[PDB]
Every structure is written in structure tokens, then in C-alpha cells.
Amino acid sequence: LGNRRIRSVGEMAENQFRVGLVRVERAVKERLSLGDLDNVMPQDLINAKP
DNA sequence: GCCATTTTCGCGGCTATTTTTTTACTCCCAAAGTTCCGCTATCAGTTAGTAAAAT
């Protein structure tokens, strides 16, 4: 039991939330690479559906 | 060219009963085929009326 670990609700929720964050980070980087950001606000960059 | 070693391939019990999942995204225009409402017109069925027949 020193080589086996307990992983509970908080850890799993954090892992899946980080997965979603990576999913949106890819698209955020892709958009920020374009350059035309004069009228771009942060809420126009983030898609919460993933 | 045969003897051994590494790599795929296929397998791992039977009946029941509780319950769906989830990202990602241009626009416009001209040309063409299809549909939906309205009207017509014909035929067949139904129904009302009247004469023919029978009591």
C-alpha cells in the first residue's frame, strides 16, 4: 500500500478540467498567431464547450 | 540450410436485473429543380324524388 495510491473526486475533476483547458489552449494559440487583435477581447478567444 | 529466438495471432463460463450522450463551424450569387396553394373538370358514388307495381 506504499506503492498504491488513492485518487479521489477532486484529482479526477482537476485532470479532466486540465484536459479541457489544453483543448481550448490549442485554439487560443492558433487565433493569437493570426495577429489582428485590435478588436479581440478575451471572451472572444475562449470556447467553453470543450 | 538447419536450430534457435523473436514476433504476431487468437483465446480467456452461463443465465438474469438496474440504464441514451457531450470539441472542432465563411459567405454570396445565379441557375435549376421541386413543392404548395389554388382552380378546373370529370367520374363515381350517394341521396332525394317520383312513378311503377303490388297489396
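Residues numbered from 1 in each chain as written, not as in the entry; some residues may be left out. Chains lettered and ligands numbered in written order. Part of a larger assembly, values for the part shown. Heavy atoms only, no water.

In the PDB header, cryo-EM is given as the technique by which the entry was determined, and 2.6 Å as its resolution.

The PDB entry lists chain A under the name DNA-directed RNA polymerase subunit beta, with Vibrio cholerae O395 given as the organism. The record deposited in the PDB is entitled "Cryo-EM structure of Vibrio cholerae RNA polymerase holoenzyme bound to an ompU promoter DNA fragment and 5-mer RNA".

Visitor: Teacher, can you tell me more about the overall build of chain A here?
Guide: The number of helices and strands found in chain A is one helix and zero strands. For chain A, whose C-alpha radius of gyration is 17 Å, the value lies well above the compact-globule estimate of 10 Å for 50 residues. Oriented by its inertia axes, the alpha-carbon framework of chain A measures out at about 55 × 15 × 15 Å. When the 50 residues of chain A are sorted by exposure, 6% land in the buried category. As displayed, chain A offers around 5100 Å² of accessible surface, 52% of which is attributable to carbon and sulfur atoms. Distance from the positive charge centre (9 side chains) to the negative charge centre (7 side chains) of chain A: 13 Å. (Helix = DSSP H or I, 4+ residues; strand = E, 2+ residues; numbered from the N terminus. Rg over C-alpha atoms; globule rule 2.2 N^0.38 Å. Buried < 20%, exposed > 50% of the residue type's maximum accessible area, 1.4 Å probe, protein only. Areas by Shrake-Rupley, 256 points an atom, 1.4 Å probe, with all protein chains shown as cover. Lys, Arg positive; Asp, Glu negative; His and termini not counted. Charge placed at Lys NZ, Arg CZ, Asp CG, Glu CD.)

Visitor: Would you mind going over the protein's contact with DNA strand B with me for this structure?
Guide: All residues in the neighbourhood of DNA strand B are listed as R23, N47, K49 and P50. Counting only atoms of DNA strand B within 4 Å of the protein, the sugar-phosphate share comes to 50%. In the model, a base oxygen of DNA strand B is placed 3.3 Å from a nitrogen or oxygen of the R23 side chain. Taken together, the residues of the surface near DNA strand B break down into one nonpolar, one polar and two charged. (Near = heavy atom within 4 Å. Polar contact = N/O pair within 3.5 Å; in protein donor to acceptor, adjacent residues only side chain to side chain. Nonpolar A, V, L, I, M, F, W, Y, C, P; charged D, E, K, R; others polar.)

Visitor: Please explain helix α1 (residues 9–32) as it appears in this structure.
Guide: Counted at 1.5 Å a residue, the expected span for α1 with its 24 residues is 34 Å, and the 34 Å between its end C-alpha atoms agrees. Taken residue by residue, α1 has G20, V24 and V28 as its buried positions. (Expected span 1.5 Å × (residues − 1).)

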